[PDB]
Amino acid sequence: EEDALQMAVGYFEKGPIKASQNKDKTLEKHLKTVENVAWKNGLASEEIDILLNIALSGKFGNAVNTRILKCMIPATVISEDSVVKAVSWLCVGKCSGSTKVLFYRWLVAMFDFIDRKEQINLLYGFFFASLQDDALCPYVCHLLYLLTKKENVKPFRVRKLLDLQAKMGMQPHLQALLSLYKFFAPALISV
Amino acid sequence: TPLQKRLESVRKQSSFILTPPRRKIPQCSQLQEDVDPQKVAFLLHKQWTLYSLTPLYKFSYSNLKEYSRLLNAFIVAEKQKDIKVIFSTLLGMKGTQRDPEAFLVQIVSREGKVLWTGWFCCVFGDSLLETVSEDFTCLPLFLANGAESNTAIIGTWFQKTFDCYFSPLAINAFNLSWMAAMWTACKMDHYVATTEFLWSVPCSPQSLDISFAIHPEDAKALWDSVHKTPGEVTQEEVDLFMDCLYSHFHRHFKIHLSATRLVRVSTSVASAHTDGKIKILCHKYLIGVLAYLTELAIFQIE
């Protein structure tokens, strides 16, 4: 039913909410009661990650109401983060700043469960360039702290982090990111 | 050969075979090869806080600029917790031709306001030279004049990047009296400062100090009274100079300076303390004053 219920939600996504005969919430609330028992299979978590945030109904309450309890049952797979890297795409839809904050909070919290952390590590710059956002910085910093490797410490990223520190204020998240980059190739020094 | 030799050196030093050394009188040292007159004269009348620095691992007197950059980016980093760092080899502050060339570390702040000017040297230090491997550039001496806050931070940077460690050199009253005796035994002329020996009586409630500040010529004619073997100074001669001080102080004040300890020996050659803030280097005998200081830093190292 969990897969079928989210295809039913997708059916609501192909049409306007006013034109729909049934509530968009109630089905997602039944899904939430399911999550209280079993949250999302790997394919199910992938699907509910990719569609519910791009452009469709995905209400900033309803999208977050899922994203709070949208975590994986087994783990998160490569295809989960792929099409939701097109949710960090940050445009006409943008998954607006409150759901974006919740998205990066989810990416930090469920970062312990990825089948291949190397693939996301190869997506380092995509999250690093989202660090310019003030609202996303306290969580993108944590994500990059869990995402970092030596291949992602290019000197332009070091000077971008220094520019962020100079433009913004002294922050424990930026301080943690800078101390970690100093732990790697020391193009910057900070204690 | 490379390590067991240091083992034998340590064993011999701890064995304490008779060590009243007939050290030669400090000889007037003509400024050898290329010693920068401005730089050397800048290092003379400046109070160096003595340190004993273990050999710098993987050190090279070719990579000066990149070490300067790494240390400058670390000094201003500790301010985060305006400043320039210029590593400068000195080219002539060495006793033997095989000694590692002395190099400076100066914290230069707009203009050349040298804040810290730390200084590493190895002069007549061939007792640690022949015990380190080729990767270690052994500089037993460390000479920092700036504030202790900057010294105890550049020391941490040096520990982190060279595995070299800074024990603060403390000249005991024995070595202090020794260097007091040989620095009045020099053939210097136009004595810069009075030969002062700052004593400190060991009182528990009070902290009285004494400054036996001889006229430098009167301390030379007094040394010639206790100088019999030429060229070399004996521990008997050093103790006789100190005992002539003792029996000329107790003759007046009836207090035993021998019951006290030296804390500073100001001399026209070089002033010297005990607590570490030791080397004022008035005269250009410094290749011998620093020779004693390195051979004393080697002792703390080994």
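The figures follow:
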| item | result |
| --- | --- |
| Residues being assigned to a helix (DSSP H, G or I), within 14 Å of chain B (Cβ to nearest Cβ) and surrounded by fewer than 18 Cβ atoms within 10 Å (Cβ to Cβ) - total across the stretch A:145-171 | 4 |
| Residue count, the stretch B:86-95 (criterion: surrounded by fewer than 19 Cβ atoms within 10 Å (Cβ to Cβ) and either small (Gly, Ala, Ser) or within 14 Å of chain A (Cβ to nearest Cβ) (or both)) | 2 |
| Residue satisfying condition, being touching a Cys at 6+ places or on another chain (Cβ under 7 Å), surrounded by 14 or more Cβ atoms within 10 Å (Cβ to Cβ) and of a type in the set (A, V, I, L, M, F, W, C), within set B:56, B:115 | B:56 |
| Residue within the stretch A:125-133 that is within 14 Å of chain B (Cβ to nearest Cβ), surrounded by fewer than 18 Cβ atoms within 10 Å (Cβ to Cβ) and not basic (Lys, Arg) present | no |
| Failed item, numbered, when residue B:152 is tested on (1) more than 14 Å from chain A (Cβ to nearest Cβ); (2) within 30 Å of residue A:165 (Cβ to Cβ); (3) part of a helix (DSSP H, G or I); (4) aliphatic (A, V, I, L, M) | (1) |
| So residue A:183, is it away from chain B (no Cβ under 14 Å) and of a type in the set (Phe, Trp, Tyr) | no |
| Residue within the stretch B:109-125 that is within 14 Å of chain A (Cβ to nearest Cβ), not in a helix (DSSP H, G or I) and not aliphatic (A, V, I, L, M) present | no |
| Filtered residue count, the stretch A:41-72, keeping only those that are outside any helix (DSSP H, G or I) and in contact with a helix residue (DSSP H, G or I) (Cβ under 7 Å, 6 or more places away or on another chain) | 9 |
| Near pairs, Cβ below 9 angstrom, 6+ apart or cross-chain, from the stretch B:73-85 (more than 7 Å from chain A (Cβ to nearest Cβ)) to any residue that is among the basic types (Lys, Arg) and in a helix (DSSP H, G or I) | B:85/B:69 |
| Close pairs from the stretch B:264-290: first at positive phi, partner surrounded by 22 or more Cβ atoms within 10 Å (Cβ to Cβ) and of a type outside the set (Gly, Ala, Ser), Cβ under 9 Å, at least 6 apart | B:276/B:50; B:276/B:51; B:276/B:169; B:276/B:171 |
| Test: residue in the stretch B:250-263 that is part of a loop (DSSP other than H, G, I, E, B) and of a type in the set (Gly, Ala, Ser) | no |
| Single residue of the stretch A:3-40 satisfying the filter (part of a helix (DSSP H, G or I) and β-branched (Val, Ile, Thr)) that is surrounded by the most Cβ atoms within 10 Å (Cβ to Cβ) | A:9 |
| The stretch A:96-124, residues that are under 14 Å from residue A:78 (Cβ atoms) and of a type in the set (S, T, N, Q) | A:119, A:121 |
| Meets criteria (more than 14 Å from chain A (Cβ to nearest Cβ) and either surrounded by 12 or more Cβ atoms within 10 Å (Cβ to Cβ) or within 25 Å of residue B:274 (Cα to Cα) (or both)) for residue B:36 | yes |
| Any hit, the stretch B:151-161, residues being touching a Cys at 6+ places or on another chain (Cβ under 8 Å) and among the charged types (D, E, K, R) | no |
| Top-ranked residue in the stretch B:48-72 [being within 14 Å of chain A (Cβ to nearest Cβ) and among the hydrophobic types (A, V, I, L, M, F, W, C); ranked as farthest from residue B:289 (Cα to Cα)] | B:70 |
| Criterion violated by residue B:71 - all others in (1) assigned to a helix (DSSP H, G or I); (2) loosely packed, with under 15 Cβ neighbours inside 10 Å satisfied | (2) |
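Every residue, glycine as well, gets a Cβ built from its backbone with ideal geometry; the counts of neighbours run over all protein chains shown. None of the figures in this text is laboratory data; all of them are computed from the coordinates on show.
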